[PDB]
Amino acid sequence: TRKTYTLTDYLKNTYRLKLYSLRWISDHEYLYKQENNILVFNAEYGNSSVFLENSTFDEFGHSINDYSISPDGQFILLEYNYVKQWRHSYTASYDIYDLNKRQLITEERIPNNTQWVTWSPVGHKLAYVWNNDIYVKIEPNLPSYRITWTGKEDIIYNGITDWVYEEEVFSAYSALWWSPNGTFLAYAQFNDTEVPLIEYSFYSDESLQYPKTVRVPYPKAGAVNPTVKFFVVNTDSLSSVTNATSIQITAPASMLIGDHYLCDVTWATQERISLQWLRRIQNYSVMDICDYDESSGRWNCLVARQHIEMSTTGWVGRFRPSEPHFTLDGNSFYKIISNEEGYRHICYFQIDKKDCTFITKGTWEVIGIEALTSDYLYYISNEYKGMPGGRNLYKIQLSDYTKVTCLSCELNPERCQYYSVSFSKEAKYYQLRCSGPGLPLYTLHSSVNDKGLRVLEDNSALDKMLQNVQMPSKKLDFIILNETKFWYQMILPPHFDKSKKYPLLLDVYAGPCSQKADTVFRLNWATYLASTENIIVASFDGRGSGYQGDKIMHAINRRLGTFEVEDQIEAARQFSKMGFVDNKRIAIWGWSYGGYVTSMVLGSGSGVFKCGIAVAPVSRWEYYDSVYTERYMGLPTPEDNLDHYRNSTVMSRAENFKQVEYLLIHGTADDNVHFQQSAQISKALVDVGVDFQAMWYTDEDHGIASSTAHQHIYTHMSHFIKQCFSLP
């Protein structure tokens, strides 16, 4: 008997995955949300107390979306009226509650429609962006100091990013950086005056008589990009002068010669800041390190401290130049860069010496630097067992690089191979977060001796429930293509029998530096398909995929829509030759880049696939944004890479779609991959007389994450897959 994992189970979230989200507030205390109220926990012993009882804001008159405690614990920022914008941006209202007097501040309050707010790293100073201008409050109940007057809707952005910087450069909306002790406030200013606008309709609720036209500054490939400027203001002088001066720090001459980007800002000390700039042609970046000059009140970046990072085989960085991690005295820093072999490792830099020293090496890569103390550097890599899809925490002794300890590898090797970490303020404690291949496991550890303090959440409740269900299994392995290994994973149906022919669905993404083959545990649509529909769901990381060196990642440089597309087809062949795949029932599907690859694959004329589903796909690179697209494709001009731009479109393969069943889906309010992209695919298919299935989702964006739409799209896709595989 035993029920299987059904579509409803996924859509209704019957089997809930538990997690343990904590927020360190010091070197040994963290906050945890247990039953609406906020408790504070002692890391050392595990005892807690009620920090803020849930019944505190009952008669607030508003539903509170999130909170934020000032560094000194004296105040708490309350956020409500949350109105989402793009991937990271949103607007909201805020009130400050005085935790000492247990009162709600009612004077000089933060304006409504505040675009971004942030406490100073120390104390309780506040900085926020409202109407595209920056303001600063030294004290929560005192008036604000205006920092900028140039703010202008869709034109000038001070302290916040425009659309493309938020999405492709900073993975954030804020563009301001408090110095370590809060004295200085740095920030970027974006000018989109000449940036073309993407325009599309938003219908809103039925009650809106006339549709609204959403207009946003968005640079498509080869178009005019926003320009940027960087400034630094001394907040400590605000109460002493009428208008504190924003000292500007200009980009290096090597950047000013053409279009460029401000791509990283990292403070090194109270009076030292590092900036990384990137040329519009993303294979050259410069890092300036600037010191405050107490005599001229100016900021100077000595060329002797400038560092150049370039790439001859591709772009710089996985998605951008990596962040530096400075030693306390700010005289040296560690940074991940690809070595002579093409693998990303940690290099140790002296701020005024151009030659760095690699402290790690091998045919594997460092994923990120997680913490740095005067004695140790902690990082996550995929070195363990040579599995690029695994992740573990490591510790390296700064006084002896030959001393490297893996802190997570052997904790529970069968259940935990994909780790994440969170250190306390001074890295005295760290929470480990295991996400697979077994059920997620959260543990707390002491850094002084790397001893396990205790288990925070083991997901026993769910393990219990899953016992009464025929869950699918997952296989992570590899195939060798041209003396090089390529990893794939398969979500196999329960009681899998290799003596049978199962229908196969290729789950694909395959964009640059992607990884669809890993050791993470997921409860998703593929779970339902394998468990209930007895469908094998596979994923393959071929050329262009990440975390396996530049040889593989830069294979698609300037050539998107080629190798990553072909390898995916070859993967299908390879799978069919494994003998447990029904060659007559092989389907392919993907979202976003996966939608593009799926479409390109369905229109290649390979004959391997019977049907496929593309959700919010890219159809021609000239329609996607500049930062992302140009990174891999360069410029769409005849003197650069225009020919391949025009050669890698979905539309040019419309005719071959007569050989397959296709389902095209897109959200009408997708601000990322514009509906325009599918509108052009559909028109090309209509023009050559090809029938296909389509579905638009009114007012949904790139994620189609709305509760109702989410249930609707997966239901619709399920019927299509079952029909194509005629289950029925």
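For clarity, a rigid core is taken as the largest C-alpha set superposing within 1.5 Å between two forms. Heads up: residue numbers just count along the shown sequence, starting at 1.
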query	finding
Core-fitted comparison in 4 other deposited structures of this protein, 231-239 vs 302-310, farther C-alphas	231-239
Positional deviation of Cα atoms in 4 other deposited structures of this protein after core superposition, greater for 494-502 or 241-249	241-249
Mean C-alpha temperature factor, higher of 204-212 and 456-464	456-464
Stretch with the greater mean C-alpha B-factor as recorded in the entry, comparing 469-477 against 168-176	469-477
Residue with maximal Cα B-factor (values as given in the PDB entry) among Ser295, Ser626, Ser422, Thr562	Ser295
Of the residues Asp691, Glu53, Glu700, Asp671, the one carrying the largest Cα B-factor as recorded	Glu53
Third of the chain, ranked by Cα B-factor, where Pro71 sits	highest
Third of chain Cα B-factors occupied by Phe720	middle
Record-listed C-alpha B factor of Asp541: chain third	middle
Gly368 - Cα temperature factor, lowest/middle/highest third of chain	lowest
Assigned third (lowest, middle, highest) for the C-alpha B factor of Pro638	highest
